[PDB]
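Below: one structure, written as structure tokens.
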Amino acid sequence: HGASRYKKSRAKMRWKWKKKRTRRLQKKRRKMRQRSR
Amino acid sequence: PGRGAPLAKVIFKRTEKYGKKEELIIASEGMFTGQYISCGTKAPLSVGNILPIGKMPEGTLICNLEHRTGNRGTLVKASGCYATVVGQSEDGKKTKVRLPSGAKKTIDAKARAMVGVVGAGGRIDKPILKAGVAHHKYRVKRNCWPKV
Amino acid sequence: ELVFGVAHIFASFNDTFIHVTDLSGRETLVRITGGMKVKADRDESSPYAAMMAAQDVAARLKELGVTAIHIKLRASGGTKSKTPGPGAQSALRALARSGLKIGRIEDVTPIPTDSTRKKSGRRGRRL
Amino acid sequence: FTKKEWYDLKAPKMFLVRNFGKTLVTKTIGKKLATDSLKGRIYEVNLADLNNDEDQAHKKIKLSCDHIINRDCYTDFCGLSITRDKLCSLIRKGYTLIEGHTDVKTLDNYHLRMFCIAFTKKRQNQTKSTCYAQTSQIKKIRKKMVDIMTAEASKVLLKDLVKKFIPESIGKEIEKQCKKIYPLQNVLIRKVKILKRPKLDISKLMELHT
Amino acid sequence: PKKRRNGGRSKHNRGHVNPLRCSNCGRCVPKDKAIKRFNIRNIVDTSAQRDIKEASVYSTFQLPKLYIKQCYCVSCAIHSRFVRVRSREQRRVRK
Amino acid sequence: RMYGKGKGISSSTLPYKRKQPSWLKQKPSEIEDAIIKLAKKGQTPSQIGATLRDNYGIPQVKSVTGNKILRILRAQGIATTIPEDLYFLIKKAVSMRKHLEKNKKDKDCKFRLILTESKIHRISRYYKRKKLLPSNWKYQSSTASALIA
Amino acid sequence: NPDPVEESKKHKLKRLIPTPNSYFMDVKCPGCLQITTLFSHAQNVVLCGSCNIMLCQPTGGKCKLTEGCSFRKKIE
Amino acid sequence: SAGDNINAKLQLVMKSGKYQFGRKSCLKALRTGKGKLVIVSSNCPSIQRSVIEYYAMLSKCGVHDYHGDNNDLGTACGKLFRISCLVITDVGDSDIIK
Amino acid sequence: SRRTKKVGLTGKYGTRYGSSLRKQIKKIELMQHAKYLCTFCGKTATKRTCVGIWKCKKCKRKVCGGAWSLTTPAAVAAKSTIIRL
RNA sequence: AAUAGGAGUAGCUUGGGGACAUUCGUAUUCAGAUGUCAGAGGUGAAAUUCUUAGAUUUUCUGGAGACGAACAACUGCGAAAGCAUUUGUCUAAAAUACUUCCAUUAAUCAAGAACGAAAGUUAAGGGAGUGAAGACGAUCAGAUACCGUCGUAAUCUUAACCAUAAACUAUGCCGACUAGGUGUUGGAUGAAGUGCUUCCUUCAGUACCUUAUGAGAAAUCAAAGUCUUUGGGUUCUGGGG
């Protein structure tokens with residue numbers, strides 16, 4: 001999205017949930033970086 | 001070094017005779033050389049004084065308790081440690097105190113204890129640096145180590 | 001002449017207890033809940049049950065020889081609710097009907113005088 | 001159940017009826033002698049029903065069992081509360097609630113804790129709805145209220161202090177001084193508690209009971 | 001857009017107003033935001049009051065009042081039919 | 001207001017007349033003598049001016065004499081090197097710092113101490129920009145009390 | 001229009017033309033028997049010049065003066 | 001208030017009084033009988049305080065207790081070293097007595 | 001000082017022992033090697049000479065104290081309490 | 001000597017401003033008693049759950065952690081975050097007042113710094129209730145959820161840290177000018193209820209209501225006005241998804 005958070009109009013899934021998925025994903029990626037390095 | 005805290009050399013003058021007599025007391029925190037220490041039934045309430053537990057007001061902090069009168073400070077001797085007076089009997093004779101384990105116990109009021117907390121507190125807070133430091137500790141303690 | 005007891009009426013909303021005692025509390029006289037009188041083993045709070053319990057208490061007090069009661073109302077724990085239970089009015093009315101003599105009546109419902117935390121999440125119960 | 005037996009509840013010389021009822025107590029057995037059961041227990045006494053003025057029904061006093069002979073218990077004073085219904089009623093919005101307290105000893109060595117409430121007066125000059133006092137004033141009133149109360153408690157014996165409580169003489173004295181700081185309204189002693197009521201001097205207790 | 005000028009509450013010149021907990025659903029809610037009803041109520045109505053009075057001692061005596069202070073949340077107040085939703089303009093018309 | 005959210009404008013407002021009171025009997029020498037006595041006794045110019053108006057009944061020194069009191073204090077050689085305002089601010093900051101040394105958990109005192117120190121630096125920078133304050137001189141956090149006593 | 005206005009003086013210290021509210025008073029006290037200049041909004045206790053006893057009581061709103069005494073207002 | 005009031009007096013004594021600080025000079029001044037007022041911190045040695053008080057009493061000189069530290073009395077007099085006790089040998093603009 | 005980035009006074013330990021332990025040691029050692037203000041002469045020379053004992057060099061005098069600092073919060077509170085009563 | 005700024009002084013100015021000590025109340029909970037006899041808890045409706053070794057219920061002692069209700073508000077203070085028991089101590093704060101002092105000190109500010117809810121981290125306490133996790137009973141088509149019962153980690157304090165929130169007056173901050181009334185909190189000025197109290201006038205705060213041939217896309221906004229009739233000063237930010 002933009003830099004600005006949420007803004008549920010009709011929107012999609014919960015922004016906090018999207019954020020949870022990305023925070024969990026970034027950690028998973030950080031584990032891939034750990035596997036690499 | 002066997003004791004966790006310092007000893008204090010205290011001079012009294014011989015009540016039954018003449019001249020100066022030296023005792024070895026466990027040093028309370030905030031004790032100092034040239035401090036005056038008072039001991040007895042009619043002694044004033046102040047830190048490091050040695051008083052029957054019956055004459056403490058409740059919630060006071062004390063150390064060097066004895067399980068019976070004149071047993072000479074058998075309890076509450078380790079560094080930084082203290083007991084709390086938690087109650088005084090309604091018809092007297094007994095007194096209720098709290099051991100540094102947190103346990104409560106009832107002793108006679110007549111039995112003595114020493115106002116305040118034992119010196120060298122916080123000693124356990126520093127971690128043991130190394131095996132040589134552990135060796136130096138056991139060298140003055142007991143034959144007990146390496147502990148396989 | 002008159003002999004006075006104290007009728008504790010303890011209403012949990014779920015049931016309405018009638019527990020009458022000596023004026024000291026110590027040395028009780030009748031326990032009858034209201035739920036003891038419920039014969040269907042369901043739907044525990046009932047004005048009817050509270051009335052029957054009161055009639056039993058009155059019968060027992062007449063059997064004993066206590067001819068009058070002072071009433072202490074109490075609703076639940078006051079953290080749980082401030083509401084008096086439904087059958088409380090029934091219990092009171094039954095005592096009035098009984099012919100036992102009704103002295104001082106007081107509320108002793110035990111609400112908190114503070115604000116310490118209680119049951120369910122911060123959004124509350126969703127029921 | 002098993003048998004129990006009525007025993008009369010007496011009240012001290014200060015209370016007009018002197019007989020506030022009968023209590024049943026379980027029949028005797030070996031080594032536990034029911035005297036023990038009668039002794040020490042507590043009774044919630046509504047005051048009005050002893051003196052026979054319905055104005056005083058807003059208080060209750062607590063009475064403890066302290067001396068028994070045969071079928072008779074004499075009883076002593078142990079504490080005092082206002083009834084909750086009256087207290088809630090007295091509390092009125094738009095006015096200033098002050099409550100004082102102190103821990104105190106009575107001439108004859110009875111140790112108490114005393115709780116005194118006070119509301120600001122409505123008066124004719126308040127005009128608009130807000131009649132709240134300033135905080136500095138209520139602190140001064142609170143300090144003053146405690147000072148009068150501790151002076152009143154300390155002076156006299158226990159029976160006379162109890163006698164002062166009944167028409168609320170202390171509240172009148174508090175009101176007269178504190179009116180100068182700001183007008184007040186119902187200034188009552190909400191609760192009275194004993195801290196240390198003497199175990200010894202049963203003889204004096206019996207004499208006080210008379 | 002903004003439906004409520006004050007946000008449905010009273011938080012002016014304040015960062016936080018302490019939460020109370022609801023008497024009904026049990027939720028935490030700020031005291032200004034909270035729907036508070038003082039609720040002076042009588043224990044029983046008329047036939048009951050008559051019977052208890054007759055059963056009672058004392059010409060003087062009359063039953064205690066019930067002093068509650070019952071707190072409702074927004075969901076609770078609509079749920080139990082405590083309050084209406086007014087009308088958009090009328091949402092500023094206090095009793 | 002410099003830091004405060006508020007904006008009170010309570011202040012002195014002189015009369016339109018800027019010349020001598022009609023009833024005054026004193027010459028500049030008398031007013032100088034009164035200033036000298038108060039100054040010597042240890043009063044500072046605000047305290048002297050307030051005293052002169054209240055105790056002695058004589059308003060504004062600029063109207064009753066040809067000169068202005070800090071100037072007069074300097075001219076007669078009594079004057080402190082440190083200004084009143086800087087002295088009070090340093091003392092106030094020292095008071096906060098002393099208090100903070102005793103009690104470490106006072107966040108408002110720390111916030112005020114930084115604010116007051118910021119005002120000290122501003123006043124110092126102004127006095128240094130003026131010919132008033134030595135170039136070498138500077139405020140320092142903890143030596144200040146000893147410095148200005 | 002604001003030029004001939006007379007009722008402007010009620011407002012805050014800074015008006016259309018700013019003015020002091022404060023004034024001086026010629027004061028004399030029983031027993032002291034002395035006449036002295038004194039300031040409305042003075043900030044300290046003031047003693048008699050004849051002897052030693054106090055005259056004025058200071059306060060924030062003007063001055064509290066004395067229970068006795070007479071005070072003429074100073075005019076230029 | 002009180003420590004501040006004393007500090008103002010000490011500031012006046014520093015500025016325009018004549019004073020002498022520390023044990024040996026203070027005793028000598030008392031012995032001489034030049035001293036006007038002795039101001040002794042409670043953080044002085046018991047013995048040093050006692051000697052000065054005895055000397056002052058003999059010489060008909062007042063003693064005032066200072067509440068603050070020996071160091072604090074030094075910073076009050078604008079120095080970085082402890083003073084402990086001083087004797088005024090000429091009164092300044094200070095109000096040391098009524 | 002202007003040598004190490006973050007290990008400071010525990011840099012003598014630096015190549016040995018766990019980092020968190022070195023953090024814990026750093027806090028204790030900072031207190032341990034500090035020179036305390038003496039109640040019995042007003043100088044900041046009071047040093048620890050053995051575990052429970054803190055000696056002033058100048059007035060040559062032994063104060064009993066904590067293991068790593070002059071006084072525990074507990075002892076101060078007790079002292080204060082006794083004066084209070 | 002600025003209806004700018006700073007500093008001072010004055011008033012039994014003010015207030016849930018900050019810190020430290022102190023102290024009270026209550027429910028709750030535990031342990032010790034205390035009297036009862038069959039159920040008590042719990043819910044859309046029940047069961048899991050607890051109870052004849054006496055539960056729930058009554059009254060009393062003693063302990064413990066927790067919180068500060070009702071009073072209490074279109075109420076106060078705070079830089080913001082936030083702040084409500086009692087008293088004391090150490091502290092700060094603004095307005096009012098001033099024929100007190102200074103003499104432009106200022107305003108907004110890249111860089112940098114301080115403080116910064118809740119959660120999280122680490123260590124010591126403490127660890128009652130509440131209670132992420134977790135466990136059962138249901139509910140139900142299934143339900144790992146809502147609901148019920150239990151319940152560790154956490155919540156609390158000290159000591160470090162962490163530096164984000166719809167951290168929202170979704171309104172940068174200072175400046176002037178515009179329009180009224182109803183209120184309201186803190187002062188000062190006058191007059192009349194009985195020195196105090198009231199009322200009148202006036203300041204700095206602070207909300208609301210109505211009015212805007214004022215504005216705006218309208219909602220609405222006395223600011224979001226006085227901006228194509230566009231320049232009072234300045235910082236920051238954005239350029240379809």
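Residues are referred to by chain and number: the chain letter is A, B, ... according to the order shown in the structure tokens, the number counts from 1 in that chain, and ligands are numbered separately from 1 in the order shown.
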Helix (DSSP H, G or I) residues, from DSSP on the backbone, in chain A, as a PyMOL selection string
chain A and resi 15-36
Write the residues of the selection above to a file with C-alpha atoms, as a compact mmCIF listing (two decimals), in the first residue's frame.
# COMPACT_ATOMS: atom_id res chain seq x y z
CA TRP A 15 -4.09 -4.74 8.11
CA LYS A 16 -2.89 -6.01 11.50
CA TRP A 17 -3.13 -9.54 10.12
CA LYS A 18 -1.24 -8.54 6.93
CA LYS A 19 1.36 -6.98 9.28
CA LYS A 20 1.43 -10.19 11.40
CA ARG A 21 1.98 -12.25 8.20
CA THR A 22 4.80 -9.95 7.09
CA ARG A 23 6.44 -9.83 10.57
CA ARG A 24 6.32 -13.64 10.70
CA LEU A 25 7.59 -13.75 7.04
CA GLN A 26 10.50 -11.36 7.77
CA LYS A 27 11.58 -13.64 10.67
CA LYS A 28 11.32 -16.69 8.32
CA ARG A 29 13.46 -14.81 5.77
CA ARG A 30 15.88 -13.92 8.59
CA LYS A 31 16.07 -17.67 9.29
CA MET A 32 16.88 -18.19 5.55
CA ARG A 33 19.61 -15.52 5.91
CA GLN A 34 20.88 -17.45 9.00
CA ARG A 35 20.89 -20.71 6.94
CA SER A 36 22.82 -18.81 4.26
Find the residues near residue 75 of chain D: any atom within 6 Å, counting only C-alpha atoms (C1' of nucleotides), skip ones fewer than 2 places away on the same chain, and give them as a PDB file with N, CA, C and O atoms, in the first residue's frame.
ATOM      1  N   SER D  64     -20.075  -7.145  72.445  1.00  0.00           N
ATOM      2  CA  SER D  64     -19.364  -8.390  72.631  1.00  0.00           C
ATOM      3  C   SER D  64     -19.745  -9.029  73.947  1.00  0.00           C
ATOM      4  O   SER D  64     -20.138  -8.366  74.905  1.00  0.00           O
ATOM      5  N   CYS D  65     -19.625 -10.365  74.030  1.00  0.00           N
ATOM      6  CA  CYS D  65     -19.911 -11.105  75.242  1.00  0.00           C
ATOM      7  C   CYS D  65     -18.668 -11.262  76.091  1.00  0.00           C
ATOM      8  O   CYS D  65     -17.706 -11.915  75.689  1.00  0.00           O
ATOM      9  N   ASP D  66     -18.672 -10.688  77.310  1.00  0.00           N
ATOM     10  CA  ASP D  66     -17.459 -10.593  78.102  1.00  0.00           C
ATOM     11  C   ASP D  66     -17.623 -11.109  79.524  1.00  0.00           C
ATOM     12  O   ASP D  66     -16.641 -11.523  80.139  1.00  0.00           O
ATOM     13  N   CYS D  73     -25.785 -13.102  80.311  1.00  0.00           N
ATOM     14  CA  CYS D  73     -24.581 -12.453  79.809  1.00  0.00           C
ATOM     15  C   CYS D  73     -24.728 -10.948  79.865  1.00  0.00           C
ATOM     16  O   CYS D  73     -25.692 -10.374  79.362  1.00  0.00           O
TER      17      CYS D  73
END
Compile the contact shell of residue 130 of chain D as JSON, numbers by chain: residues with an atom at most 10 Å away, counting only C-alpha atoms (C1' of nucleotides), same-chain residues fewer than 5 positions apart removed.
{"D": [93, 94, 95, 96], "J": [73, 184]}
Quick one: residues within 6 Å of residue 84 of chain H, only C-alpha atoms (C1' of nucleotides) counted, chain neighbours fewer than 2 positions away excluded, as number ranges by chain?
H: 41, 44, 70, 82
Next, write the just-selected residues to a file, as a compact mmCIF listing (two decimals), in the first residue's frame, keeping C-alpha atoms as the atom set.
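Saved the output as part_0.txt:
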# COMPACT_ATOMS: atom_id res chain seq x y z
CA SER H 41 29.15 22.50 61.07
CA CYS H 44 32.95 18.70 62.32
CA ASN H 70 31.99 20.94 55.87
CA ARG H 82 36.01 22.08 53.06
How far is it from atom CA of residue 112 of chain C to atom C1' of residue 27 of chain J, in Å with one decimal?
4.2 Å
Using only C-alpha atoms, which chain C residues lie at most 7 Å away from chain D, written as a count of residues only?
4
Could you list, as a PDB file with C-alpha atoms, in the first residue's frame, every residue within 9 Å of residue 48 of chain E, counting only C-alpha atoms (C1' of nucleotides) and ignoring same-chain residues fewer than 2 positions away?
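Here's the written file around-v9.pdb:
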ATOM      1  CA  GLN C  89     -38.958 -10.393  46.917  1.00  0.00           C
ATOM      2  CA  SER C  90     -40.787 -13.741  47.150  1.00  0.00           C
ATOM      3  CA  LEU C  92     -39.612 -11.350  51.842  1.00  0.00           C
ATOM      4  CA  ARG C  93     -43.329 -11.690  50.917  1.00  0.00           C
ATOM      5  CA  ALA C  96     -44.605 -11.343  55.619  1.00  0.00           C
TER       6      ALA C  96
ATOM      7  CA  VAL E  44     -40.612  -4.182  46.308  1.00  0.00           C
ATOM      8  CA  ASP E  45     -43.797  -2.615  44.961  1.00  0.00           C
ATOM      9  CA  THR E  46     -47.103  -2.032  46.606  1.00  0.00           C
ATOM     10  CA  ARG E  50     -48.051  -3.298  52.392  1.00  0.00           C
ATOM     11  CA  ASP E  51     -47.692  -6.907  53.618  1.00  0.00           C
ATOM     12  CA  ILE E  52     -44.147  -6.479  54.923  1.00  0.00           C
ATOM     13  CA  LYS E  53     -45.142  -3.234  56.701  1.00  0.00           C
TER      14      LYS E  53
END
Which chain J residues are at most 7 Å from chain G (counting only C-alpha atoms (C1' of nucleotides)), as a list in words?
residues 3, 10, 11, 97, 98, 188, 201, 202 and 203 of chain J
Residues near residue 148 of chain D, cut-off 10 Å, only C-alpha atoms (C1' of nucleotides), skip fewer than 3 positions along chain, as a list in words:
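Answer for this query is residues 143, 144, 145, 151, 152, 153, 170, 171, 173, 174, 177 and 178 of chain D.
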Expected answer as a ChimeraX atom specification: strand (DSSP E or B) residues in chain H:
/H:18-21,37-41,62-66,85-90
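Nearest residue to residue 74 of chain C among C:8, C:19, C:37, C:125 is C:8, counting only C-alpha atoms.
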Near segment 57-60 of chain C, within 9 Å and counting only C-alpha atoms (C1' of nucleotides), which residues show up once chain neighbours fewer than 2 positions away are dropped, as a ChimeraX atom specification?
/C:18-20,29-32,52-55,62-66,94-95,98-100
Produce a file of the selected residues containing N, CA and C atoms, as a CSV table (one decimal), in the first residue's frame.
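Listed below is the output, part.csv:
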chain,number,residue,atom,x,y,z
C,18,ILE,N,-32.0,-18.7,52.0
C,18,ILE,CA,-32.5,-18.2,53.2
C,18,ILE,C,-31.8,-19.0,54.3
C,19,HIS,N,-30.9,-18.3,55.1
C,19,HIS,CA,-30.1,-18.9,56.1
C,19,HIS,C,-30.3,-18.1,57.4
C,20,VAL,N,-31.2,-18.5,58.3
C,20,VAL,CA,-31.5,-17.8,59.5
C,20,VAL,C,-30.7,-18.4,60.7
C,29,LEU,N,-29.8,-21.5,62.7
C,29,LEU,CA,-31.1,-22.1,62.9
C,29,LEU,C,-31.6,-22.9,61.8
C,30,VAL,N,-31.6,-22.3,60.5
C,30,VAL,CA,-32.1,-23.1,59.4
C,30,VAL,C,-31.3,-22.7,58.2
C,31,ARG,N,-30.7,-23.7,57.5
C,31,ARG,CA,-30.3,-23.7,56.1
C,31,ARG,C,-31.4,-24.3,55.2
C,32,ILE,N,-31.8,-23.6,54.1
C,32,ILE,CA,-32.7,-24.2,53.2
C,32,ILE,C,-32.5,-23.8,51.8
C,52,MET,N,-41.4,-21.5,49.1
C,52,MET,CA,-41.5,-22.8,49.8
C,52,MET,C,-40.4,-22.9,50.8
C,53,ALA,N,-39.2,-22.5,50.5
C,53,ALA,CA,-38.1,-22.4,51.5
C,53,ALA,C,-38.4,-21.6,52.7
C,54,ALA,N,-38.9,-20.4,52.5
C,54,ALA,CA,-39.4,-19.5,53.5
C,54,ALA,C,-40.5,-20.2,54.4
C,55,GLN,N,-41.5,-20.9,53.8
C,55,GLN,CA,-42.5,-21.6,54.5
C,55,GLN,C,-41.9,-22.7,55.4
C,62,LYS,N,-41.3,-21.8,64.0
C,62,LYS,CA,-42.4,-22.1,64.9
C,62,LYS,C,-42.2,-23.4,65.7
C,63,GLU,N,-41.6,-24.5,65.2
C,63,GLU,CA,-41.1,-25.7,65.8
C,63,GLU,C,-40.1,-25.4,66.9
C,64,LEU,N,-39.1,-24.5,66.6
C,64,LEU,CA,-38.1,-24.1,67.6
C,64,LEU,C,-38.7,-23.2,68.7
C,65,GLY,N,-39.4,-22.1,68.4
C,65,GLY,CA,-40.0,-21.2,69.3
C,65,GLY,C,-39.4,-19.8,69.1
C,66,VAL,N,-38.8,-19.5,68.0
C,66,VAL,CA,-38.3,-18.2,67.6
C,66,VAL,C,-39.5,-17.5,66.9
C,94,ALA,N,-43.2,-14.1,51.5
C,94,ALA,CA,-43.5,-15.3,52.2
C,94,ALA,C,-43.3,-15.1,53.7
C,95,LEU,N,-42.2,-14.4,54.2
C,95,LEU,CA,-42.0,-14.1,55.6
C,95,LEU,C,-43.0,-13.2,56.1
C,98,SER,N,-46.2,-15.4,56.5
C,98,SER,CA,-46.0,-16.4,57.6
C,98,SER,C,-46.7,-16.2,58.9
C,99,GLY,N,-46.6,-14.9,59.4
C,99,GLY,CA,-47.1,-14.5,60.7
C,99,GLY,C,-46.0,-14.4,61.7
C,100,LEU,N,-44.7,-14.7,61.3
C,100,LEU,CA,-43.5,-14.3,62.1
C,100,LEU,C,-43.4,-12.8,62.1
Residue with smallest distance to residue 34 of chain J - pool J:166, J:47, J:19, J:60, counting only C-alpha atoms (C1' of nucleotides)
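Looking at the shortest contact to residue 34 of chain J, the residue is J:60.
Straight-line separation from atom CA of residue 51 of chain C to atom CA of residue 35 of chain C: 11.5 Å.
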Neighbours of chain J in chain B at 12 Å, counting only C-alpha atoms (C1' of nucleotides), as a count of residues only:
7
Where does chain B meet chain I within 12 Å, residue by residue, with the nearest atom pair and distance in Å to one decimal for each, counting only C-alpha atoms, listed by chain and rising number, as a tab-separated table?
residue	atom	partner	partner_atom	distance
B:1	CA	I:51	CA	9.7
B:3	CA	I:52	CA	11.4
B:4	CA	I:52	CA	9.0
B:5	CA	I:52	CA	6.3
B:6	CA	I:52	CA	6.4
B:7	CA	I:52	CA	9.9
B:8	CA	I:64	CA	9.5
B:26	CA	I:64	CA	10.7
B:27	CA	I:64	CA	7.0
B:28	CA	I:64	CA	7.1
B:29	CA	I:65	CA	5.1
B:30	CA	I:64	CA	5.2
B:31	CA	I:64	CA	5.2
B:32	CA	I:63	CA	4.4
B:33	CA	I:62	CA	5.6
B:34	CA	I:61	CA	8.7
B:35	CA	I:63	CA	9.6
B:44	CA	I:82	CA	11.1
B:45	CA	I:82	CA	7.7
B:46	CA	I:82	CA	6.6
B:47	CA	I:79	CA	6.8
B:48	CA	I:79	CA	10.2
B:49	CA	I:82	CA	11.7
B:56	CA	I:82	CA	10.4
B:57	CA	I:85	CA	8.5
B:58	CA	I:85	CA	10.4
B:59	CA	I:81	CA	9.4
B:60	CA	I:78	CA	7.6
B:61	CA	I:78	CA	6.5
B:62	CA	I:78	CA	9.1
B:63	CA	I:75	CA	11.8
B:79	CA	I:52	CA	8.8
B:80	CA	I:66	CA	7.5
B:81	CA	I:74	CA	9.9
B:82	CA	I:74	CA	9.6
B:83	CA	I:78	CA	11.6
B:84	CA	I:78	CA	10.7
B:115	CA	I:78	CA	9.1
B:116	CA	I:78	CA	6.5
B:117	CA	I:75	CA	6.3
B:118	CA	I:75	CA	9.0
B:119	CA	I:65	CA	5.8
B:120	CA	I:52	CA	4.1
B:121	CA	I:66	CA	4.6
B:122	CA	I:67	CA	5.7
B:123	CA	I:67	CA	5.1
B:124	CA	I:67	CA	8.8
B:125	CA	I:28	CA	8.4
B:126	CA	I:28	CA	6.6
B:127	CA	I:25	CA	7.4
B:128	CA	I:21	CA	9.4
B:129	CA	I:17	CA	7.8
B:130	CA	I:17	CA	8.5
B:131	CA	I:17	CA	11.6
